[PDB]
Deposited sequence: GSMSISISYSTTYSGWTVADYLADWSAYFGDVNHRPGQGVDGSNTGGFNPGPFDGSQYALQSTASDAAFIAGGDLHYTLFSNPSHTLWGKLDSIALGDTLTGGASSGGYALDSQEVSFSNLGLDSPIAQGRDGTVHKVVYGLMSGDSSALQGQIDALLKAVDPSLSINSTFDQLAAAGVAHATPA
């Protein structure tokens, strides 16, 4: 359903496990953009690597506390993560996009309240992904996959997830 995780993937990665792909993408990002609409809140939070072309877009209803207690917290609803290369667009252009969208995860269903601060799952998922540690995102995807089918996991390949009705190949 709409409460079920849905994954898109370039056929480039059809034989990759989700864990292997996420670990390598977060290394590609390493240890332009912002919020749409912004300045500090948006339906998208997008970031470009300085280290490589790597870029992500977090989608949902996201909030950044800036200097307000609890400081430097990203909280709210995280519905989607899109991973790939080269951030484009912004508020002005009808939203952020990726020049090359490698993999996306939708219907994540994550919602972290401000009171949890940087302890929130949304904060940890997004901060990890851009600080060379996709472990938090992997844990949430693993749980969502097992909610559909317990023989699935982040160690499933993208084409195994397609065969299980979760994932969808896109052109390379």
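By the record, the deposited chain contains one unmodelled run at 32 to 44, with no C-alpha atoms placed there.
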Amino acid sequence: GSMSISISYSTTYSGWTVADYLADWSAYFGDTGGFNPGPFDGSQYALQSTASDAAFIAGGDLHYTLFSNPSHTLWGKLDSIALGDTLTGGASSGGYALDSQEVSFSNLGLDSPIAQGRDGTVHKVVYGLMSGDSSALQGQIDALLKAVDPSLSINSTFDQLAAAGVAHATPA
From here on, numbers count along this sequence of modelled residues.
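Higher mean CA temperature factor, per the PDB entry, when comparing 91 to 99 with 71 to 79: 91 to 99. On average the C-alpha atoms of 48 to 56 have higher B-factors than those of the other stretch, with 117 to 125 and 48 to 56 being the two compared. The entry lists a Cα temperature factor for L110 that places it in the middle third of the chain's modelled residues.
Sort the modelled residues of the chain by CA B factor and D31 lands in the highest third.
When the modelled residues of the chain are ordered by C-alpha B-factor, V166 sits in the lowest third. In this PDB entry, the Cα temperature factor of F158 sits in the middle third of its chain's modelled residues. For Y9, the recorded CA temperature factor ranks within the middle third of the chain's modelled residues.
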